[PDB]
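S.K.: piece number one of the complex, untouched:
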Amino acid sequence: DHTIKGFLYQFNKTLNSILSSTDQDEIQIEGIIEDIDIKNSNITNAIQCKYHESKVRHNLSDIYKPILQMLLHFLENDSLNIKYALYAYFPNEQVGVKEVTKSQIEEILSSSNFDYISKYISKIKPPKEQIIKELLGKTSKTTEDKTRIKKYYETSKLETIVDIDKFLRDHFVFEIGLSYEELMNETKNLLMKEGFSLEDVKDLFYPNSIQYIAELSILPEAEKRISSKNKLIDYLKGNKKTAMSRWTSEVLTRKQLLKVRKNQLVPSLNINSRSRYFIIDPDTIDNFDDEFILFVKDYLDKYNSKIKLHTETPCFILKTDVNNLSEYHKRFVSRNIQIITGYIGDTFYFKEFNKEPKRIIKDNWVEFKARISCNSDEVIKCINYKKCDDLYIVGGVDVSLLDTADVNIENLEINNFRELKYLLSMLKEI
């Protein structure tokens, strides 16, 4: 997890450098010199990223290898105007530029690790003995050779070819980096400064930029790893524009199809005396439990509100169990809506489900306004006994046991209650 967090921190630092850089700056992600290679008109900036969240206090030995690497690179590229930067984070170190003295650099050159001595210190400090040079030139080194080289470099005083003073003064800078959360927040704020909203940065821009940095990092070709602020901005803007256009066109086509379906269905919904049955699968409608009561209330308010004109009681059949039906009955009763389920406890009764409600026109009273039950065999037998005029199917419920001869079937392809209300002409526009 630590290595993943360090790589994410390096990617965030690269993104921050890209955002903070000008339009004339070419930045090579995972560059040849260091992790971040920022190439200006005349100065090339190389940044090495390290993560040390688990270290209480910064120590010189923690940065032996990167400092030796940059020293060797400066020795091999002294004629090039390359500025080396070390970006390492330490929780207990103040954020800012930290000076490294020549004595500290000399202490790095006196490290006892054999790997550093053989890789960087040997080239920085050439051995004055030909035997040591031959030992260092061997591709494969035995343990005795390693011990001999380590002892020779620990005991012998060797001059430094690399100009330590000039390197430290001009081509070196050490900065204590921010925390991963702070760096991410700063990068997001920089993304916000480019005209992007905070929500847009959080949802789309930041993950897209992180993925772009990760994809460019793994490219073996270094030329393909060269990026710039303008390219990233254009990529993000194009992605956002394409997403907006797609999400508009799909909705436009969906609205056209739904309007066609609504005009198909509207002739039969204007007749005041039709028996309409609905078979609904709760798993195909978003937020069914929270919105089913209000949908039935609105349907009753529109199609079952006039006591003298509306004579047929609607029916709703749900793909659910009896306990959910009892809970829905509780919620309907709490809202002063009279329904009938046909279930007393866990037993179904034929004579209860199929009874016609009693009406008192003077008192504006109907015994019950709707039938709500489950798709059990007895309920389907009840439906088959008293055939309906219009049979609406929502969610592709298996109606294989229904007798559909001479029954108008209307399959509805919806995914939310707003669309269902729009199709049944209970809304003017979605």
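M.R.: Nice, thanks for sending it over. Numbers count the residues shown, from 1 in each chain, chains lettered A, B, ... in the order given.

S.K.: next up, phi/psi of residue A:29, please.
M.R.: phi -70, psi 130 (degrees, to the nearest 10).

S.K.: pull up the gap between the nearest residue to it once chain neighbours are set aside and residue A:233, please.
M.R.: The shortest distance from residue A:29 to any non-neighbouring residue, by C-beta to C-beta, 6 or more residues apart in numbering, is to residue A:216 (4.5 Å). C-beta here means a position set from N, CA and C on the backbone, and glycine is covered the same way. According to C-beta to C-beta, to the nearest Å, residue A:216 stands 15 Å off from residue A:233.

S.K.: cool, and residue A:299?
M.R.: Per C-beta to C-beta, residue A:299 is found 50 Å from residue A:233.

S.K.: repeat for residue A:276
M.R.: When residue A:276 is compared with residue A:233 (using C-beta to C-beta), they lie 55 Å apart.

S.K.: between the two, which has more neighbouring residues?
M.R.: Set residue A:276 next to residue A:233 and count neighbours by other C-beta atoms under 10 Å: residue A:276 wins out with 23 against 19.

S.K.: beta partners of the more buried one?
M.R.: residue A:390 (DSSP bridges).

S.K.: wouldn't it be in contact with residue A:313 here?
M.R.: No. Contact criterion C-beta atoms under 8 Å: residue A:276 and residue A:313 do not qualify, at 9.5 Å.

S.K.: so which helix or strand takes in the residue lying farthest from the centre of chain A?
M.R.: Distance to the chain centre peaks in chain A at residue A:362, reaching 60.2 Å (criterion: C-alpha atoms, centre = their mean). For residue A:362, there is no helix or strand it lies in under DSSP states H and E.

S.K.: can you list phi and psi of it for me?
M.R.: Dihedral pair for residue A:362: phi -60, psi -40, per degrees, to the nearest 10.

S.K.: and the gap between it and residue A:369?
M.R.: Distance of residue A:362 to residue A:369, given as C-beta to C-beta: 18 Å.

S.K.: residues near the residue lying closest to residue A:218 once chain neighbours are set aside, how many?
M.R.: Take residue A:218 and drop its neighbours on the chain: the residue closest to it by C-beta to C-beta, 6+ apart is residue A:30, 7.9 Å away. Other residues near residue A:30 come to 19 when the count uses other C-beta under 10 Å.

S.K.: extend the structure above with chain B:
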Amino acid sequence: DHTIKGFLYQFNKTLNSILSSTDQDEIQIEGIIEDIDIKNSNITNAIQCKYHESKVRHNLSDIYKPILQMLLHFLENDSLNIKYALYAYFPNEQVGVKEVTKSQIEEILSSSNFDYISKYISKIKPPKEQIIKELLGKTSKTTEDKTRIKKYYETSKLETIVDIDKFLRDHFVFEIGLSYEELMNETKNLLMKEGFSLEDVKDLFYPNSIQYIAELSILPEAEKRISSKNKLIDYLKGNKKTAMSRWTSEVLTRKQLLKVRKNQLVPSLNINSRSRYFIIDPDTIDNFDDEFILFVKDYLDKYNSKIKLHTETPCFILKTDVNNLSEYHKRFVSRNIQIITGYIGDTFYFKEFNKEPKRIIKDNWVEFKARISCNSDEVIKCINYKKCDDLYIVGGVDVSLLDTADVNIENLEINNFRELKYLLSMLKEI
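M.R.: That brings us to chain B, laid onto the chains above:
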């Protein structure tokens, strides 16, 4: 770049496992056992991700460390029903399950590397010499001790406690993984299988999922690293919905949004006998004190004028104190408008606020035309006792104390009474 590519391959494999798993499977990103820990009802699946794009052919030494660590974990957890999987990619190896023989496993245990011998082989093959045991138990080991241990393990034949046959037969499986591009394409195809379009996956879903995996990978707490297919799907759907809503907004001007809201609100406002409640914060409406009386008078003229047809009394709940309510009551009485507040001095009365107005149709008389009070706890209890049909909120007033089950909540975003009148269909044009 190779390490970053391997980490991205591991992330893609984790995402593929999450997408291919069922809703009952718990998957731990960067799990305790291996990189991917899939916990089923009875079997725990551990997957180790290895990337070897730079290796021409697969060698047994390339999988020494993961196999040794896996064998040690099995030895320490033999009683647990954990299935261990090794997911390593090789460009020239056919994709599929590759069998590892017992002879190959024995060859792994005979490796000459000191690190493997000291870490895993020592526990798998305990040394029969107490001196070797003491040397292995040392926190710091000298070069002489390392050489002695290496020679002892190279020369001595030690029995294996781990049941190699049972491990290979039941708890071991080695699979040659797909390439990084192929794995990414398969993951994207799985994302499309969830109902997402290819463009949506490419632009939003895949980078968001990769960022989510990376963020969960760096969490030090193992429990917080547990994810599931349903959680990822819900997170992606929520991000898509938020982006869709935000980008659909901010394009139309203020008037177009107000017209859309008006057309949404009209159908409920067109019914003659609905109980409508308003909750208003005066601080978010300009010139509230001067214009509140006129707004209520217009609302009563529009929606509470017909004595025979309008049978429900509007309720206006304000965010003020009792003294302001008394001043408003004075101003209402001065204009021949009958309202009730439920307050007699500084004491609220439950029966004085829930009573129904009396009507004399012959005299065109209604006892009171509106209820106006403050948002105190007793008042909130009174509204909760008698639920309404439409609940309009103007100003983002806190409605936590309201029981908002099976009620139509309609938030209205205005800044003056003109917009409120326009939304409530009492003005033709602003």
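
S.K.: with chain B now part of the structure, what is the answer for the nearest residue to residue A:218?
M.R.: residue B:5 (4.0 Å; C-beta to C-beta, 6 or more residues apart in numbering or on different chains).

S.K.: SS state for the nearest residue to residue A:298 once chain neighbours are set aside?
M.R.: Spatially, and ignoring its direct neighbours in sequence, residue A:298 is nearest to residue A:426 (5.8 Å; C-beta to C-beta, 6+ apart). The local conformation at residue A:426, judged by DSSP: H, G, I helix; E, B strand; the rest coil, is coil.

S.K.: how much space between the closest residue to chain B within the stretch 1-150 of chain A and residue A:53?
M.R.: Nearest residue of the stretch 1-150 of chain A to chain B: residue A:5, at 4.0 Å (C-beta to the nearest C-beta). The gap separating residue A:5 from residue A:53 is 7 Å, by C-beta to C-beta.

S.K.: same deal with residue A:92?
M.R.: 11 Å.

S.K.: for those two, work out which one has more neighbours and name it.
M.R.: Neighbour totals were compared for residue A:92 and residue A:53, and residue A:53 leads with 15 against 9 (other C-beta atoms under 10 Å in any protein chain shown).

S.K.: got the residues of the stretch 151-300 of chain A near chain B?
M.R.: Residues of the stretch 151-300 of chain A lying close to chain B by C-beta under 8 Å from any C-beta of the partner chain are A:197, A:199-200, A:203-204, A:206-208, A:210-211, A:214, A:217-220, A:239-240, A:242-244, A:246-248, A:293-294, A:297.

S.K.: make it 7 Å
M.R.: A:199, A:203-204, A:207-208, A:210-211, A:214, A:217-220, A:239, A:242-244, A:246-247, A:293-294 (C-beta under 7 Å from any C-beta of the partner chain).

S.K.: the closest residue to residue A:281 other than its chain neighbours: what's it in contact with?
M.R.: Nearest in space to residue A:281, with sequence neighbours left out and distances taken as C-beta to C-beta, 6+ apart, is residue A:395 at 3.0 Å. By C-beta atoms under 7 Å, 6 or more residues apart in numbering or on different chains, residue A:395 lies in contact with A:280, A:281, A:284.

S.K.: ok, residue A:206 next?
M.R.: Contacts for residue A:206 (C-beta under 7 Å, 6+ apart) come out as A:188, A:191.

S.K.: mind running it again at 10 Å?
M.R.: For residue A:206, the contacting residues are A:12, A:15, A:184, A:187, A:188, A:191, A:196, A:200, A:236, B:207, B:208, B:211, by C-beta atoms under 10 Å, 6 or more residues apart in numbering or on different chains.
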